[PDB]
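To keep things clear, I will list the structure first and then write my remarks on it.
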Amino acid sequence: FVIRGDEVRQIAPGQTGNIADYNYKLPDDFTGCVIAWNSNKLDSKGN
Amino acid sequence: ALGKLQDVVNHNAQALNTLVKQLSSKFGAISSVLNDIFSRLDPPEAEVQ
Numbered sequence: 001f002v003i004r005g006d007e008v009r010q011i012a013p014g015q016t017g018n019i020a021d022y023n024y025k026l027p028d029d030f031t032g033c034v035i036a037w038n039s040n041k042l043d044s045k046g047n
Numbered sequence: 048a049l050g051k052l053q054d055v056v057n058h059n060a061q062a063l064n065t066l067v068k069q070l071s072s073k074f075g076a077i078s079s080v081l082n083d084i085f086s087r088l089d090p091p092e093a094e095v096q
């Protein structure tokens with residue numbers, strides 16, 4: 001899944017926002033970790 | 048002269064009074080009411096409260 005990624009603190013558990021309210025909920029207790037890599041140029045390209 | 052029988056009753060009554068009054072102690076928390084804490088605070092540290 002590809003998200004804007006402008007909310008680093010919201011992805012980590014403990015915070016919920018409007019994007020969490022509507023697009024995809026991010027509960028305050030998530031067992032998953034945060035993994036990222038330098039691939040913005042390839043994925044990103046009106047459009 | 049019946050002070051010995053009254054002493055036991057007084058001790059039990061004051062122990063029960065202390066126990067029932069201990070519920071109002073804050074213990075340094077935000078509030079002493081569970082409902083208010085749960086309503087006006089999110090779980091992440093309400094749990095430790």
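If you read the protein sequences in the order shown, they are chains A and B.
In terms of our numbering, the first sequence opens at residue 1 and continues consecutively.
In terms of our numbering, the second sequence opens at residue 48 and continues consecutively.
We treat Cβ as the ideally placed atom computed from N, Cα and C, and that holds for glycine.
Counting contacts by CB-CB distance shorter than 8 Å, is residue i in contact with chain B?
i, result
"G17/A", "no"
Go ahead and pull the three-state DSSP assignment for residue i.
i, result
"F30/A", "coil"
"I19/A", "helix"
"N59/B", "helix"
"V80/B", "coil"
"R87/B", "coil"
Could you check whether the Cβ of residue i sits closer than 8 Å to any Cβ belonging to chain A?
i, result
"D54/B", "no"
"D83/B", "no"
| field | Against chain B: residues of the region 18–30 of chain A by CB proximity under 9 Å | value | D28 and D29
| query | Using 8 Å as the Cβ pair cut-off and three pairs as the minimum, do the region 5–13 of chain A and the region 21–30 of chain A touch? | reply | yes
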